[PDB]
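Those letters in the sequence shown? Residues 1 to 409, 437 to 637, 845 to 889, 900 to 1173, 1202 to 1451, by PDB author numbering.
For every residue, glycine included, the Cβ atom is placed at its ideal position computed from N, Cα and C.
Single-structure report; data block below.
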Amino acid sequence: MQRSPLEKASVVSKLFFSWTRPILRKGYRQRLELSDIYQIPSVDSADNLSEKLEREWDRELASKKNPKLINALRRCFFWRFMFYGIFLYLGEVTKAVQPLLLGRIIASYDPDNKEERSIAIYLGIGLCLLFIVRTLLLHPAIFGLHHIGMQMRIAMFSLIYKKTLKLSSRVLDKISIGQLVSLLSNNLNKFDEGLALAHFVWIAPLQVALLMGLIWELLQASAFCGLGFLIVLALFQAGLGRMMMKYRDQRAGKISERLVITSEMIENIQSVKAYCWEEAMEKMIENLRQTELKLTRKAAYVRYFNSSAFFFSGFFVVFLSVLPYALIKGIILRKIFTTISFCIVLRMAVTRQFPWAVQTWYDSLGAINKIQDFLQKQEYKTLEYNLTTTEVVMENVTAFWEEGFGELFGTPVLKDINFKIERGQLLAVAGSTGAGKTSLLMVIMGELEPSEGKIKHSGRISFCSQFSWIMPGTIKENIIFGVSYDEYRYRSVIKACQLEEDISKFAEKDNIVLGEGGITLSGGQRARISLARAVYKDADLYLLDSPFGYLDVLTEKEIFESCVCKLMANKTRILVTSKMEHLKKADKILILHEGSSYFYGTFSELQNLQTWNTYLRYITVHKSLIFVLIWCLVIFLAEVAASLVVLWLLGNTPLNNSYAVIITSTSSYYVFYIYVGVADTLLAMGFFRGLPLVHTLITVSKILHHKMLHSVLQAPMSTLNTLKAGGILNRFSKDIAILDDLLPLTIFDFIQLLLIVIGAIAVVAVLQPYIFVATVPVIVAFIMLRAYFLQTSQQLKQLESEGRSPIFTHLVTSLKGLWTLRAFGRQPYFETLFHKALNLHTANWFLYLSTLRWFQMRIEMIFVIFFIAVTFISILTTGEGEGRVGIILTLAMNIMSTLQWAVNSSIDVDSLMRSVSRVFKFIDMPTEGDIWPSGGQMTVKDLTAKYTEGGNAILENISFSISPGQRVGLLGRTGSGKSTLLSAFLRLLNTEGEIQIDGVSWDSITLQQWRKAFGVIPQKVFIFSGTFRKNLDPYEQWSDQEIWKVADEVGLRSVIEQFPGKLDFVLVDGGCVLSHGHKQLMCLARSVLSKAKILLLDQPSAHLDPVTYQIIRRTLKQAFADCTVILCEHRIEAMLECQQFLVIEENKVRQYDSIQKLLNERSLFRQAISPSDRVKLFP
Ligand SMILES: Nc1ncnc2c1ncn2[C@@H]1O[C@H](COP(=O)(O)OP(=O)(O)OP(=O)(O)O)[C@@H](O)[C@H]1O
Ligand SMILES: Nc1ncnc2c1ncn2[C@@H]1O[C@H](COP(=O)(O)OP(=O)(O)OP(=O)(O)O)[C@@H](O)[C@H]1O
Ligand SMILES: C[C@@H](COc1ccccc1)C(=O)n1nc(N)c2ccc(F)cc21
Ligand SMILES: [Mg+2]
Ligand SMILES: [Mg+2]
């Protein structure tokens, strides 16, 4: 990584941006490769800014009574803000006095002998130097302002992340991903680019005053009437501005809901596609989009009228400012022209520079105060005592989940529990489902505040949750988890959890690539990775929270009698089990039941007791756009014809008449100038030509989003597995926020500027031909630069924009699995691992900005050089009478200013349309594309499954047959592909082989009609945000009587009744309110509703107790009376019912008709069954 030459650069390079040149030199010819990007300047490393801002912030917190963040931000950046403000003030004043020189230079052309014929050269010199000072003084201030904005935003983001770790657990459920992702996404670009207009809040007044003086020297007593009209205009403008903000704070409440639905949708699309939930999800998403569109539509209309104020107030202001004086005394055309040339600047400085400045100030303060509110949130205070007697004590505790019951003190989820544990002794807390075992572990963690009672243990702790969590990276890094690696300890850990065979099964031996959460791995490997992590880290206390669920039985006995009982035989271990073998081995027992310590003691006591293609694809996608554009062009043609006839009539005029004092020496070259000064009004857009354009643009954005989603969802899984979660969150947030908010106005402004320039040039060329030849050497000079620039930026924006994802995809995981992350106490590690991604995105965005500002330098210097040459050639070549050529040049380069503005707008439009390019990238994704299920008799021949195209053999040469209504139980040691075969039944992943189902095959039936025959309860439960009734059946086919009768079969009464909204309670954060077993029962009910003839059960009993499990087998007898069942269990007890057994081994299936021959065939499997079940199998 080469160090940025910004640190090593001369002052001329910094004031001219000559050091950016190597990037464009490398980029214009060949595509950018990923070493050319410079390392960030040492100033804007996240650490320095974060430390500076946090020190100022916490000192300000300590000092003041009501701390405010904005005071610390001021104390940090105000000086380098004002040092730039003075330069911007000078560089905008230098636009007030330019028309002063310009008017007299224009006055010289007139043959009658004015004194100006001597001062013409001095005026030209002053004008030349004035332009060069403007160029050297304006842009560097803009770049520095953008740089300060960037630094501020970086420090704020790092502070946000530093807060989102110490955030108290009781608040997490309230705040979902939507708030945070919106608060970063909306800020990212707007708050950075918006610190160039922060000054124009106090620049606009002064400038206006300075203008209202000079115009007053021209116009004695009508400039005040013009100013009154302008003040009315500014009040109307601020009124529209206030109206618009009320139409955003009602959208920002639902953007988060749509974002969270989309994230939950795409993270586990596995179950979504398995269930054939395609249309209901689209209906819900578009239902949200409808309201969001109404709000965006109204906001867009309001924003449109705001924009037109410049373009359609120009004639009105001048008319009402020069009617009275002309009426009373008359006007020489010099007065009218200089009034126009001042009125342009006045219009600009009090129509699009004041209101946008106050807008950006309102919005920046709103975001800052929202962040300040965020930082005022309850902090989880830790009392982990390093001093202890190596003895863990817990006494008389009770806990409350929601804070209201906490303060008001519904039963608590615990009460009056107590235990005491030595060092070297193990507890085994076992509870029937819903008792609160995980809640007890959380209370031991202190993450739940005990409403009353006493806790004490060592400060050295480790954790292994019920639900696994896998941060993206290598298995080696994921297991070590930010510790100095060791050969011997790591090898011992891998020897205990017996990961050796599975780790040898992968292509890369030890370290592979795991995505967010790691769908790439199975369930057993994931749980055992988590357990290995909990074993590796060294501490005085261990909280293993039921890691023995997602495994077979032989692996269970091996791991439990080599790792828990043998490897770590001296260090305290809390164990959550549901097998009598553990309790027999257990040293003390605490059996919970419904939040009550139902039994405590010892097992002996227990026995005793009992790119231009996108430019077209965007437009042609909807016909309304083409119609609007065509009709607008026709209207413009009519308008330019009207202007043509007006100038034709006034050209052939045959001239007491003091209405307009006009003379032949002045007329022929002042009428054209004065018309071109008012071109932007006669060619403006009214409320009859503009509104359809904005409406159609918003409609097109909606259609684009809908198509993008419908193409993402039905995409094949092999493609989907490659892309991350950030690569969808980033898109669905930013690349639709842009297509809804910024584009439908920026493209409109571009259309307007292009249209105005074209019309003015056309009409003036028609009346004066040579001006065309006078302009062309500049326009062809313009595009030549633009086409050279775009190649750099056209390739760089992507290289930066995708760089956003390493932020979001790192924020989600840390937030998703915050609990273990804070459990081990590894905050600094993730702090640095986030700062790295932030510095990456900076190394992209900063250099992109430093290239755009350079192109502004170059474009305005092209204009200035042309302008200096024009003024020199023209004034010098003025003759004793009727100087002609100078008029021809100066009119052209009066047009050139607006044309340059149009070029800048065009660059901005392209930089935004990158977003539409990226969305069309997603839309081009491949497509996986009497009662039929009579008996369900199934036949599979020569099946094999592949995850990646041509990948390794996960299965090979499978074939079997299932008679109708004969449940076959499938089993096999973990990591052998049981879920693989279940998934490959649905041909989700790419397949090979042929299946006959009661006289039909795969080919003879369509895909969607094929998946209708099955019903699935996947290994990964799936609960989005919504109500119970909507969650259980989004299609809404069945009455609440149906739901209520099923909800007693599945034994869900005691879960619905305790919750306030029976079938109408809202669910948040993926059902985090519910437990695990309740989620399992919920999904099983969701499969009972969809009565399918052939059904696949993928581990219906994951962590359930021996008691509640009865319901499972219960709903297997009366409920599924005859339906064919593909049941994939691990607990051997659930295999007593099935008639055939399919054992999966060595990537092949072997079927047997019984159990005895199976078990004698594998001797090592025999000694693993518990005696209570071994007697059941062998009578
Ligand atoms: N995050 C939560 N928010 C609200 N209530 C909760 C939450 N977690 C648990 N509960 C309540 O606590 C009870 C069980 O707590 P907990 O989740 O610890 O049981 P569990 O051991 O996970 O259940 P299982 O044995 O099925 O795993 C449930 O009745 C549930 O209503
Ligand atoms: N999403 C995935 N991407 C790549 N490979 C996968 C993926 N899922 C599974 N595999 C491969 O399939 C094998 C295990 O398949 P599968 O997940 O069906 O086992 P399993 O029976 O589900 O395990 P368990 O007993 O934990 O349920 C592993 O070797 C793994 O490499
Ligand atoms: C599109 C117009 C609508 O008005 C008319 C349309 C046709 C004819 C007459 C009037 C507009 O929006 N205008 N016209 C202004 N003179 C103006 C000033 C400030 C502002 F915010 C908007 C403004
Ligand atoms: Mg649990
Ligand atoms: Mg499984």
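| Item | Value |
| --- | --- |
| Hey, could you find the ends of the alpha helix (DSSP H) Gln1423 is sitting in? | Element bounds for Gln1423: not the alpha helix (DSSP H) but the beta strand (DSSP E), 1420 to 1424. |
| Would you mind stating whether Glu583 and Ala1357 have Cβ atoms separated by less than 9 Å? | no |
| Please classify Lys606: is it buried, with 16 or more other beta-carbons within 10 angstroms of its beta-carbon, or exposed? | buried |
| List the whole-angstrom C-beta distance separating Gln996 from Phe1300, where the pair is believed to meet the contact cut-off of C-beta under 8 Å. | With a Cβ gap of about 52 Å, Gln996 and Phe1300 do not count as contacting. |
| If you draw a straight line from the C-alpha of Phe409 to the C-alpha of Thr604, how long is it? | 32 Å |
| On the three-state DSSP scale, how would you describe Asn901? | coil |
| For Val393, which residues from the same chain have a beta carbon less than 6 Å from its beta carbon, with the 5 sequence-adjacent residues on both sides left out? | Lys447, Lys483 |
| In this structure, how does DSSP classify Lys329 when only helix, strand and coil are distinguished? | helix |
| Under the rule that 16 or more other beta-carbon atoms within 10 Å means buried, what is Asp579, buried or exposed? | buried |
| Mind listing which residues have their beta carbon within less than 7 Å of any non-hydrogen atom of ligand 3? Chain order is fine. | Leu233, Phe236, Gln237, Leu240, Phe305, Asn306, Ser308, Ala309, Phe312, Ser313, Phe316, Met929, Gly930, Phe931, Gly934 |
| Grab me the residues of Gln1042's own chain with a C-beta within less than 6 Å of its C-beta, minus the 5 sequence neighbours each way, in chain order. | none |
| Report back the beta-carbon spacing between residue 1472 and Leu467 to the nearest angstrom; my notes put them in contact at under 8 Å. | Since the displayed the chain opens at 1 and closes at 1451, residue 1472 lies outside it and no answer follows. |
| Is it the case that the Cβ atoms of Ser1297 and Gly1342 are separated by a distance below 9 Å? | yes |
| Would you say the beta carbon of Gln1371 comes nearer than 8 Å to a heavy atom of ligand 5? | yes |
| Assuming contact is defined by CB atoms lying nearer than 9 Å, are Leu619 and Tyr625 in contact in what I supplied? | yes |
| Along the beta strand (DSSP E) that carries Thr1263, what are the first and last residues, could you check? | 1263 to 1269 |
| When you compare the CB positions of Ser313 and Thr925, do they come within less than 9 Å of one another, or not? | yes |
| Keeping to the same chain, check which residues put their C-beta closer than 7 Å to that of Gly226; ignore five residues upstream and five downstream. | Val317, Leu320, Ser321 |
| Rounded to whole angstroms, what's the CA-CA distance from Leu1449 to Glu1433? Just pull it up for me. | 15 Å |
| Residues in the same chain with beta-carbon distance under 7 Å from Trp216, minus the five sequence neighbours each way, listed in chain order, please. | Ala223 |
| When the Cα atoms are used, what is the spatial distance from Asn71 to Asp363? | 17 Å |
| Can you list the alpha helix (DSSP H) stretches of 4 or more residues lying completely in the stretch 945 to 976, in chain order? | 961 to 964 |
| Around the Cβ of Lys464, are there at least 16 other Cβ atoms within 10 angstroms (buried) or fewer (exposed)? | buried |
| May I ask you to list the residues that DSSP assigns as paired with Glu1417? | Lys1420 |
| Under the three-state reduction of DSSP, which class applies to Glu267: helix, strand or coil? | helix |
| Quick check on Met1028: buried or exposed, where buried means 16 or more other Cβ atoms within 10 Å of its Cβ? | exposed |
| Measuring from the CB of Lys1292, is there a heavy atom of ligand 2 at a distance below 8 Å? | no |
| Taking the alpha-carbon positions, what's the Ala969 to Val1212 distance? | 35 Å |
| Please name the residue in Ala120, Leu288, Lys283, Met265 whose C-alpha comes closest to that of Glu1308. | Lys283 |
| Using a Cβ-based criterion (distance less than 8 Å to any ligand heavy atom), does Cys1355 qualify as near ligand 5? | no |
| Buried or exposed: where does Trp79 fall if 16 or more other Cβ atoms within 10 Å of its Cβ makes it buried? | exposed |
| To which residues of the same chain is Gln1280 closer than 6 Å at the C-beta, ignoring the five residues directly before and after it? | none |
| Considering only residues of the stretch 524 to 559, which uninterrupted alpha helix (DSSP H) runs meet the minimum length of 4 residues and lie entirely inside it, listed in chain order? | 527 to 532 |
| Can you check whether the CB of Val1022 is closer than 9 Å to the CB of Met1101? | no |
| Using a 10 Å radius around the Cβ and a threshold of 16 neighbouring Cβ atoms, would you call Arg31 buried or exposed? | exposed |
| Please determine, among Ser1435, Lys442, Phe1164, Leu1227, the residue with the shortest C-alpha to C-alpha distance to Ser1251. | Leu1227 |
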